[PDB]
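Structural description and commentary
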Amino acid sequence: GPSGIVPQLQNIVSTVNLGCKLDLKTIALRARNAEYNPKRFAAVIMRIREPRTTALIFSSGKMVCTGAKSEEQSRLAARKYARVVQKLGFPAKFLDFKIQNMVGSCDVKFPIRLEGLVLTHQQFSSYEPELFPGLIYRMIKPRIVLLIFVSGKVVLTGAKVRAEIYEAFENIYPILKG
DNA sequence: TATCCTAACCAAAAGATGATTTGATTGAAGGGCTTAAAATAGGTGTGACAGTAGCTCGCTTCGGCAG
């Protein structure tokens, strides 16, 4: 069962369609937090402090946001960006919001011998300290990928909802323990 | 005496014992990646694709007579 350590999400990724054509130069010109360098890439970057997120605009009518601590918070950040775009004069809308990715991390408070983890589970766990100290572990139920380290801390990524990260942690905990 | 030994000591060669200064090492931080995923958005170059690029028979010529 659980050890009292609940995995905590550190990032969310989400996108939404603005539903209208936009001009990147106009956004960069009229907005304070907007960043635009067409010589490098054809998109505008947006930053706000509450939520603590980073997002982008594209002329084809697309918006992406990331950096939030929860999917509801990511939606709030996206809607704030949509409001900013609307008040800048574009006829934007908040259409087809989708959560794309969310990351989590946890710990077990005991060492994990990665040698044992690889030599019992070589079929889906890949271990290669030289380029990456941690052990890389992919899984099917749910479609998640993990990073397991010597200290016992684990990073979880690829989920759409916190339930997936929780159940992934519960699935791996008996493997981590023994 | 004129000098040498070497108790005790001055001057110096050298031999040693410790205190201070400076060359060398490294502790931690400036820093700056990392694979794992997930995503929208994009620009074009270029590199494959293809194409062309030791012995025994047969055959020929130009005179030397024929007609």
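Residues numbered from 1 in each chain as written, not as in the entry; some residues may be left out. Chains lettered and ligands numbered in written order. Part of a larger assembly, values for the part shown. Heavy atoms only, no water.

Structure determination for this entry, per the PDB record, employed cryo-EM and reached 3.39 Å resolution.

The line we're drawing: UniProt positions are given in the numbering used here, feature names are shortened, and annotations may be inferred rather than shown by experiment.
The name that the PDB entry assigns to chain A is TATA-box-binding protein, with the source organism given as Homo sapiens. According to the PDB record, the title of this entry is "RNA Polymerase III Class III Open Pre-initation Complex 2 (OC2)". The UniProt entry for chain A carries this comment under Subcellular location: "Nucleus". In its Sequence similarities section, UniProt records this for chain A: "Belongs to the TBP family."

**Examining the sheet that holds strand β1 (residues 8-17)**
Our working rule: Strands pair, by our definition, only if DSSP identifies at least two bridges between them. By the criteria applied, helices consist of DSSP H or I runs no shorter than four residues and strands consist of E runs no shorter than two, each listed in order from the N terminus. It only takes one pair of heavy atoms within 4.5 Å for two residues to be counted as in contact. Axes, fitted as lines to C-alpha atoms, cover a helix only where it is in contact. Angles between the N-to-C directions of the axes lie from 0 to 180 degrees.
The 10 strands lie next to each other as β2-β3-β4-β5-β1-β6-β10-β9-β8-β7, forming an open sheet whose pairing is antiparallel. This sheet does not close on itself; its edge strands, each paired only once, are β2 (35-36) and β7 (125-127). In the sheet, β7 pairs with strand β8 (residues 135-139) via three bridges, with the strands oriented antiparallel. The residue bridging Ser125 from the neighbouring strand is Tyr137, located in β8. Each of β1, β3 (44-48), β4 (53-58), β5 (62-66) and β6 (95-106) touches helix α2 (residues 71-87); the most contacted strand, β5, lies at about 140° to it.

**Comments concerning the UniProt feature "binding site: DNA" in chain A**
How we decide: Burial status follows relative accessibility: with a 1.4 Å probe on protein chains alone, a residue under 20% of its type maximum counts as buried, one over 50% as exposed, and anything between as partly exposed.
Look at the UniProt record and you will see "binding site: DNA" annotated at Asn11, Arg47, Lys62, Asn101 and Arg138. For this annotated set, covering 128 residues, the C-alpha atoms extend up to 32.4 Å from each other, a dispersed arrangement in space. As for its position among the elements, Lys62 is in strand β5. When its relative accessible area of 41% is taken as the criterion, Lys62 is described as partly exposed. Beyond its immediate stretch of four places on either side in the chain, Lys62 contacts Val16, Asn17, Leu18, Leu56 and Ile57.

**Points about the pairing of β5**
Along β5, the buried face is formed by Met63 and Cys65; none of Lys62, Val64 and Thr66, which line the opposite face, is buried. As paired strands, β1 and β5 are joined by five bridges and run antiparallel to one another. Across the sheet, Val16 pairs through a bridge with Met63, a residue of β5. One ladder, built from five bridges, connects β4 with β5; its direction is antiparallel. Looking across to β5, one finds that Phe58 is bridged to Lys62. Once β4 ends, the chain turns through three residues before running back antiparallel as β5, passing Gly61 with a positive phi of about 100°.

**Quick notes on the nonpolar core**
Here is the rule we go by: The nonpolar core is taken to be a set of buried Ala, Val, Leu, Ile, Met, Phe, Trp, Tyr and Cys residues, with the residues joined through side-chain atoms within 4.5 Å.
Within the largest apolar cluster, 24 residues are counted, with the highest numbers of intra-cluster contacts made by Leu146, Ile148, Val154 and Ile172. The set of elements that each furnish at least two residues to this core consists of β1, β6, α3 (114-120), β8, β9 (144-148), β10 (154-159) and α4 (162-177). It is α4 that contributes the most residues to this core, six residues altogether. Beyond its immediate chain neighbours, meaning those up to four positions away, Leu146 contacts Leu135, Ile136, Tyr137, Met139, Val154, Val155, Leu156, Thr157 and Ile172. With 22 residues, the next largest nonpolar core counts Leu22, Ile48, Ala77 and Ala92 among its residues.

**Looking at the environment of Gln100**
For clarity, the threshold we go by: Identification of polar contacts relies on pairs of N or O atoms within 3.5 Å, with a donor-acceptor requirement for protein atoms, meaning one able to donate a hydrogen and the other able to accept it, and with residues adjacent in sequence counted only if both atoms are side-chain atoms.
Relative to the elements of secondary structure, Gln100 occurs in strand β6. For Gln100 and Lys160, which are 60 residues apart along the polypeptide, the C-alpha to C-alpha distance reads 6.4 Å. The contacts of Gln100, once residues within four sequence positions are left out, are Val13, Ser14, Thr15, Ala159 and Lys160. There is a polar contact of 3.0 Å between the side chain of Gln100 and the side chain of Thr15.

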